[PDB]
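Participant: Structure file data_29.txt (compact mmCIF, N, CA and C atoms (P, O5', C5', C4', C3', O3' and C1' of nucleotides)) is given on the next line.
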```txt
# COMPACT_ATOMS: atom_id res chain seq x y z
N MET A 1 4.77 18.05 19.95
CA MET A 1 5.08 18.33 18.52
C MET A 1 3.80 18.77 17.80
N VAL A 2 3.39 18.00 16.81
CA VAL A 2 2.20 18.30 16.06
C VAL A 2 1.17 17.37 16.68
N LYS A 3 -0.02 17.87 16.93
CA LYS A 3 -1.10 17.09 17.54
C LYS A 3 -2.14 16.74 16.49
N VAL A 4 -2.62 15.50 16.48
CA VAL A 4 -3.63 15.13 15.49
C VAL A 4 -4.96 14.99 16.22
N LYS A 5 -5.93 15.79 15.83
CA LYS A 5 -7.24 15.72 16.47
C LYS A 5 -8.02 14.71 15.64
N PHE A 6 -8.59 13.70 16.28
CA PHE A 6 -9.36 12.68 15.55
C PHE A 6 -10.49 12.08 16.40
N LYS A 7 -11.56 11.62 15.75
CA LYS A 7 -12.67 11.03 16.49
C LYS A 7 -12.60 9.51 16.56
N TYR A 8 -12.67 8.93 17.76
CA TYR A 8 -12.71 7.48 17.88
C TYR A 8 -13.78 7.11 18.89
N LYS A 9 -14.82 6.44 18.39
CA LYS A 9 -15.97 6.00 19.18
C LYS A 9 -16.65 7.25 19.74
N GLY A 10 -16.91 8.21 18.85
CA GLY A 10 -17.53 9.44 19.28
C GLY A 10 -16.51 10.42 19.84
N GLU A 11 -15.60 9.92 20.68
CA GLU A 11 -14.54 10.71 21.32
C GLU A 11 -13.73 11.50 20.30
N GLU A 12 -13.76 12.83 20.41
CA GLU A 12 -13.00 13.70 19.51
C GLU A 12 -11.64 14.00 20.18
N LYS A 13 -10.81 12.95 20.28
CA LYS A 13 -9.50 13.03 20.91
C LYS A 13 -8.34 13.61 20.07
N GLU A 14 -7.12 13.39 20.54
CA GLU A 14 -5.93 13.90 19.89
C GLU A 14 -4.73 13.08 20.33
N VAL A 15 -3.62 13.23 19.62
CA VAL A 15 -2.39 12.51 19.93
C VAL A 15 -1.22 13.30 19.34
N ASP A 16 -0.07 13.23 20.01
CA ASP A 16 1.13 13.90 19.55
C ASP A 16 1.72 13.04 18.44
N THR A 17 2.23 13.66 17.38
CA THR A 17 2.81 12.88 16.30
C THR A 17 3.95 11.98 16.80
N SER A 18 4.53 12.28 17.95
CA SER A 18 5.62 11.45 18.47
C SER A 18 5.13 10.15 19.13
N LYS A 19 3.82 10.04 19.32
CA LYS A 19 3.21 8.85 19.91
C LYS A 19 2.67 7.88 18.85
N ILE A 20 2.64 8.35 17.61
CA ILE A 20 2.17 7.56 16.51
C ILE A 20 3.22 6.52 16.11
N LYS A 21 2.82 5.25 16.19
CA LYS A 21 3.66 4.09 15.89
C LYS A 21 3.66 3.66 14.44
N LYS A 22 2.48 3.62 13.83
CA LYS A 22 2.34 3.15 12.45
C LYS A 22 1.37 4.00 11.67
N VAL A 23 1.64 4.25 10.39
CA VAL A 23 0.77 5.06 9.50
C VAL A 23 0.58 4.33 8.14
N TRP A 24 -0.62 4.43 7.57
CA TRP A 24 -0.94 3.81 6.27
C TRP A 24 -2.17 4.44 5.64
N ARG A 25 -2.26 4.42 4.31
CA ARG A 25 -3.43 4.99 3.65
C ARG A 25 -4.41 3.89 3.17
N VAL A 26 -5.69 4.22 3.19
CA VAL A 26 -6.75 3.34 2.77
C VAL A 26 -7.62 4.32 2.01
N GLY A 27 -7.19 4.68 0.80
CA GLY A 27 -7.97 5.61 -0.01
C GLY A 27 -7.61 7.03 0.35
N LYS A 28 -8.57 7.77 0.86
CA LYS A 28 -8.28 9.11 1.24
C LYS A 28 -8.20 9.17 2.75
N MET A 29 -8.26 8.00 3.37
CA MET A 29 -8.20 7.90 4.82
C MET A 29 -6.78 7.60 5.30
N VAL A 30 -6.27 8.42 6.23
CA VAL A 30 -4.94 8.18 6.80
C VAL A 30 -5.19 7.58 8.19
N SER A 31 -4.74 6.33 8.34
CA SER A 31 -4.91 5.50 9.52
C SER A 31 -3.61 5.32 10.25
N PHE A 32 -3.68 5.11 11.55
CA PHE A 32 -2.46 4.97 12.32
C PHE A 32 -2.76 4.34 13.66
N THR A 33 -1.70 3.88 14.31
CA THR A 33 -1.74 3.29 15.65
C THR A 33 -0.84 4.19 16.47
N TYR A 34 -1.15 4.38 17.74
CA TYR A 34 -0.31 5.23 18.58
C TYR A 34 -0.17 4.69 20.00
N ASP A 35 0.95 5.01 20.63
CA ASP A 35 1.17 4.59 21.99
C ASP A 35 0.27 5.41 22.93
N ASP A 36 -0.79 4.76 23.40
CA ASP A 36 -1.75 5.34 24.32
C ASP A 36 -1.35 4.91 25.72
N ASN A 37 -0.87 5.88 26.51
CA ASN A 37 -0.39 5.66 27.89
C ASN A 37 -0.01 4.21 28.20
N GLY A 38 0.85 3.67 27.34
CA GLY A 38 1.29 2.29 27.49
C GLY A 38 0.15 1.40 27.06
N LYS A 39 -0.21 1.52 25.78
CA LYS A 39 -1.31 0.75 25.19
C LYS A 39 -1.32 1.17 23.73
N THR A 40 -1.98 0.40 22.86
CA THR A 40 -2.02 0.78 21.47
C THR A 40 -3.43 1.13 21.12
N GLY A 41 -3.60 2.37 20.71
CA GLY A 41 -4.89 2.87 20.32
C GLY A 41 -4.80 3.04 18.83
N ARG A 42 -5.92 3.34 18.22
CA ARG A 42 -5.97 3.46 16.77
C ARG A 42 -6.62 4.78 16.45
N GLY A 43 -6.43 5.26 15.23
CA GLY A 43 -7.04 6.50 14.82
C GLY A 43 -6.99 6.69 13.32
N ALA A 44 -7.80 7.60 12.81
CA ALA A 44 -7.87 7.86 11.39
C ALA A 44 -8.43 9.25 11.10
N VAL A 45 -7.88 9.89 10.08
CA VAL A 45 -8.32 11.22 9.69
C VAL A 45 -8.36 11.22 8.16
N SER A 46 -9.09 12.17 7.58
CA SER A 46 -9.17 12.30 6.15
C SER A 46 -7.82 12.89 5.78
N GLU A 47 -7.29 12.53 4.61
CA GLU A 47 -6.01 13.03 4.16
C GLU A 47 -5.99 14.56 4.09
N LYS A 48 -7.16 15.16 3.91
CA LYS A 48 -7.25 16.61 3.81
C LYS A 48 -7.01 17.25 5.16
N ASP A 49 -7.63 16.69 6.19
CA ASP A 49 -7.51 17.20 7.56
C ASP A 49 -6.24 16.72 8.30
N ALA A 50 -5.30 16.18 7.54
CA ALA A 50 -4.05 15.68 8.10
C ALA A 50 -3.00 16.77 8.07
N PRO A 51 -2.35 17.00 9.20
CA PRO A 51 -1.30 18.03 9.24
C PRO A 51 -0.11 17.48 8.41
N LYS A 52 0.71 18.34 7.80
CA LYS A 52 1.82 17.85 6.99
C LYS A 52 2.74 16.88 7.70
N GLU A 53 2.87 17.01 9.00
CA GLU A 53 3.72 16.11 9.75
C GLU A 53 3.20 14.67 9.66
N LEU A 54 1.87 14.49 9.61
CA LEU A 54 1.30 13.13 9.52
C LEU A 54 1.51 12.57 8.09
N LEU A 55 1.45 13.44 7.10
CA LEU A 55 1.67 13.02 5.73
C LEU A 55 3.16 12.75 5.46
N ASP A 56 4.06 13.29 6.28
CA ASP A 56 5.49 13.05 6.11
C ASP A 56 5.78 11.67 6.66
N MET A 57 5.11 11.35 7.77
CA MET A 57 5.23 10.05 8.45
C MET A 57 4.81 8.95 7.47
N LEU A 58 3.69 9.18 6.79
CA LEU A 58 3.14 8.29 5.78
C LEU A 58 4.12 8.16 4.60
N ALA A 59 4.67 9.30 4.19
CA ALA A 59 5.64 9.33 3.10
C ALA A 59 6.83 8.46 3.43
N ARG A 60 7.25 8.48 4.69
CA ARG A 60 8.38 7.67 5.13
C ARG A 60 8.04 6.18 5.10
N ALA A 61 6.80 5.86 5.46
CA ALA A 61 6.32 4.49 5.51
C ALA A 61 6.22 3.94 4.12
N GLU A 62 5.69 4.73 3.22
CA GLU A 62 5.55 4.26 1.87
C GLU A 62 6.87 3.99 1.19
N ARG A 63 7.92 4.75 1.52
CA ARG A 63 9.23 4.55 0.86
C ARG A 63 10.16 3.57 1.58
N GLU A 64 9.63 2.99 2.64
CA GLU A 64 10.35 2.05 3.44
C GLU A 64 10.41 0.63 2.88
N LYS A 65 11.55 0.00 3.12
CA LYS A 65 11.85 -1.36 2.75
C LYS A 65 12.04 -2.01 4.10
N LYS A 66 11.16 -2.92 4.48
CA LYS A 66 11.29 -3.59 5.78
C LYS A 66 10.63 -4.97 5.72
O5' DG B 1 -17.72 -5.27 -0.14
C5' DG B 1 -16.46 -5.82 0.28
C4' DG B 1 -15.25 -5.20 -0.38
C3' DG B 1 -13.97 -5.64 0.30
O3' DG B 1 -12.91 -5.44 -0.65
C1' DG B 1 -14.42 -3.35 0.80
P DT B 2 -11.47 -6.09 -0.39
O5' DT B 2 -10.60 -4.84 0.09
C5' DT B 2 -10.78 -3.56 -0.54
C4' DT B 2 -10.01 -2.49 0.21
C3' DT B 2 -9.11 -3.03 1.31
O3' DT B 2 -7.78 -3.18 0.79
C1' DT B 2 -10.45 -1.20 2.10
P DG B 3 -6.66 -3.92 1.67
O5' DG B 3 -6.18 -2.77 2.66
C5' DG B 3 -5.23 -1.78 2.25
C4' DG B 3 -4.44 -1.33 3.46
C3' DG B 3 -3.60 -2.40 4.15
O3' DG B 3 -2.48 -1.69 4.65
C1' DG B 3 -5.40 -1.71 5.59
P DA B 4 -1.34 -2.47 5.42
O5' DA B 4 -1.91 -2.63 6.88
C5' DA B 4 -1.70 -1.62 7.84
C4' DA B 4 -2.44 -1.95 9.10
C3' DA B 4 -2.04 -3.26 9.74
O3' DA B 4 -1.14 -2.94 10.79
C1' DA B 4 -4.40 -2.78 9.93
P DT B 5 -0.76 -4.01 11.89
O5' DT B 5 -1.74 -3.73 13.11
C5' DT B 5 -2.22 -2.43 13.37
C4' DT B 5 -3.39 -2.52 14.32
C3' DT B 5 -3.26 -3.64 15.36
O3' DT B 5 -3.04 -3.03 16.64
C1' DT B 5 -5.47 -3.48 14.43
P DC B 6 -2.79 -3.94 17.93
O5' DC B 6 -4.08 -3.64 18.79
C5' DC B 6 -4.63 -2.33 18.82
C4' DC B 6 -6.06 -2.38 19.31
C3' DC B 6 -6.24 -3.15 20.61
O3' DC B 6 -7.05 -2.33 21.47
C1' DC B 6 -7.70 -4.04 18.94
P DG B 7 -7.15 -2.67 23.04
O5' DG B 7 -8.51 -3.47 23.13
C5' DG B 7 -9.70 -2.96 22.52
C4' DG B 7 -10.77 -4.02 22.51
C3' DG B 7 -10.68 -4.98 23.73
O3' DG B 7 -11.92 -4.94 24.47
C1' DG B 7 -10.94 -6.16 21.69
P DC B 8 -12.08 -5.78 25.84
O5' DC B 8 -12.78 -7.13 25.35
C5' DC B 8 -14.09 -7.08 24.71
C4' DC B 8 -14.34 -8.29 23.84
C3' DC B 8 -14.65 -9.60 24.56
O3' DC B 8 -14.59 -9.50 25.99
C1' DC B 8 -13.31 -9.98 22.62
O5' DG C 1 -10.83 -19.13 15.92
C5' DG C 1 -11.15 -19.20 14.53
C4' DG C 1 -12.36 -18.37 14.16
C3' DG C 1 -12.30 -17.83 12.75
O3' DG C 1 -13.64 -17.51 12.39
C1' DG C 1 -11.92 -16.07 14.30
P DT C 2 -13.92 -16.43 11.24
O5' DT C 2 -13.97 -15.05 12.05
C5' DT C 2 -15.09 -14.74 12.91
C4' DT C 2 -15.19 -13.25 13.09
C3' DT C 2 -15.10 -12.47 11.78
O3' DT C 2 -15.89 -11.29 11.94
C1' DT C 2 -13.36 -11.80 13.20
P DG C 3 -17.47 -11.36 11.69
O5' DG C 3 -18.10 -10.28 12.67
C5' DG C 3 -17.84 -10.30 14.09
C4' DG C 3 -18.13 -8.94 14.69
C3' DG C 3 -18.77 -7.96 13.73
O3' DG C 3 -19.36 -6.96 14.57
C1' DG C 3 -16.55 -7.29 14.17
P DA C 4 -20.02 -5.67 13.91
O5' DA C 4 -19.10 -4.49 14.41
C5' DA C 4 -18.88 -4.30 15.81
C4' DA C 4 -17.89 -3.19 16.05
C3' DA C 4 -18.18 -1.85 15.37
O3' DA C 4 -17.65 -0.86 16.26
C1' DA C 4 -16.10 -2.64 14.64
P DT C 5 -18.24 0.64 16.26
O5' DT C 5 -16.93 1.51 16.02
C5' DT C 5 -15.64 0.96 16.34
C4' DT C 5 -14.59 1.44 15.36
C3' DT C 5 -15.01 2.51 14.36
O3' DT C 5 -14.64 3.80 14.88
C1' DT C 5 -13.42 0.91 13.45
P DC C 6 -15.53 5.11 14.51
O5' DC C 6 -14.57 5.92 13.53
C5' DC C 6 -13.20 6.08 13.85
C4' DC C 6 -12.39 6.17 12.59
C3' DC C 6 -13.13 6.77 11.40
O3' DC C 6 -12.88 8.16 11.37
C1' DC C 6 -11.74 4.87 10.80
P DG C 7 -13.77 9.12 10.44
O5' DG C 7 -13.18 8.92 8.97
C5' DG C 7 -12.10 9.75 8.50
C4' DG C 7 -12.09 9.76 6.99
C3' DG C 7 -13.30 10.45 6.34
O3' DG C 7 -12.86 11.25 5.22
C1' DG C 7 -13.20 8.18 5.65
P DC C 8 -13.94 12.01 4.31
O5' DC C 8 -14.14 11.01 3.10
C5' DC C 8 -12.98 10.56 2.34
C4' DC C 8 -13.35 9.39 1.44
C3' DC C 8 -14.60 9.57 0.59
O3' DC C 8 -14.50 10.37 -0.62
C1' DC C 8 -14.31 7.30 1.40
```
Please go through the file and, once you have read it, give me the structure as structure tokens.

Facilitator:
Amino acid sequence: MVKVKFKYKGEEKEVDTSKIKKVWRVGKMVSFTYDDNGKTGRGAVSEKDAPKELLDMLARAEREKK
DNA sequence: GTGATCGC
DNA sequence: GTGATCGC
């Protein structure tokens, strides 16, 4: 789908938006957890460098009642 | 610090 | 129990 390129521990990796489990904002930072080959990894990008698909995911989280 | 979590 | 981690 949409791939998010992000740096974690120097590593300039990426993840498919379909692997992202959880999304949340901390200011202008968009943070998330994703299913890493059967594991949970973490990641974060600036809201500016976020593809619209990641901001839609966040939009869904923010309007959620759970 | 912050939200949220992993890794220890 | 909580340090690093991510962008600011």

Participant: Could you tell me which residues of chain C sit within 6 Å of chain A when counting all atoms listed in the file, and give me the result as a PDB file with N, CA and C atoms (P, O5', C5', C4', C3', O3' and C1' of nucleotides), in the coordinates of the input?

Facilitator:
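Just written: result.pdb:
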```
ATOM      1  P    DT C   5     -18.240   0.640  16.260  1.00  0.00           P
ATOM      2  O5'  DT C   5     -16.930   1.510  16.020  1.00  0.00           O
ATOM      3  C5'  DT C   5     -15.640   0.960  16.340  1.00  0.00           C
ATOM      4  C4'  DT C   5     -14.590   1.440  15.360  1.00  0.00           C
ATOM      5  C3'  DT C   5     -15.010   2.510  14.360  1.00  0.00           C
ATOM      6  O3'  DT C   5     -14.640   3.800  14.880  1.00  0.00           O
ATOM      7  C1'  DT C   5     -13.420   0.910  13.450  1.00  0.00           C
ATOM      8  P    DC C   6     -15.530   5.110  14.510  1.00  0.00           P
ATOM      9  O5'  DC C   6     -14.570   5.920  13.530  1.00  0.00           O
ATOM     10  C5'  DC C   6     -13.200   6.080  13.850  1.00  0.00           C
ATOM     11  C4'  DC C   6     -12.390   6.170  12.590  1.00  0.00           C
ATOM     12  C3'  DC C   6     -13.130   6.770  11.400  1.00  0.00           C
ATOM     13  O3'  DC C   6     -12.880   8.160  11.370  1.00  0.00           O
ATOM     14  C1'  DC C   6     -11.740   4.870  10.800  1.00  0.00           C
ATOM     15  P    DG C   7     -13.770   9.120  10.440  1.00  0.00           P
ATOM     16  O5'  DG C   7     -13.180   8.920   8.970  1.00  0.00           O
ATOM     17  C5'  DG C   7     -12.100   9.750   8.500  1.00  0.00           C
ATOM     18  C4'  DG C   7     -12.090   9.760   6.990  1.00  0.00           C
ATOM     19  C3'  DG C   7     -13.300  10.450   6.340  1.00  0.00           C
ATOM     20  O3'  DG C   7     -12.860  11.250   5.220  1.00  0.00           O
ATOM     21  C1'  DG C   7     -13.200   8.180   5.650  1.00  0.00           C
ATOM     22  P    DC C   8     -13.940  12.010   4.310  1.00  0.00           P
ATOM     23  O5'  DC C   8     -14.140  11.010   3.100  1.00  0.00           O
ATOM     24  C5'  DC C   8     -12.980  10.560   2.340  1.00  0.00           C
ATOM     25  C4'  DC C   8     -13.350   9.390   1.440  1.00  0.00           C
ATOM     26  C3'  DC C   8     -14.600   9.570   0.590  1.00  0.00           C
ATOM     27  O3'  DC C   8     -14.500  10.370  -0.620  1.00  0.00           O
ATOM     28  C1'  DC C   8     -14.310   7.300   1.400  1.00  0.00           C
TER      29       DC C   8
END
```

Participant: To one decimal place, how far is atom CA of residue A:17 from atom CA of residue A:3 in Å?

Facilitator: 5.9 Å

Participant: To one decimal in Å, tell me the separation between atom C1' of residue C:1 and atom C1' of residue B:4.

Facilitator: 15.9 Å

Participant: Interatomic distance between atom CA of residue A:2 and atom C1' of residue B:2?

Facilitator: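 About the pair atom CA of residue A:2 and atom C1' of residue B:2: they are 27.1 Å apart.
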
Participant: If you run DSSP on the backbone here, which positions in chain A get helix (DSSP H, G or I)? Please write them as number ranges by chain.

Facilitator: A: 17-19, 52-62
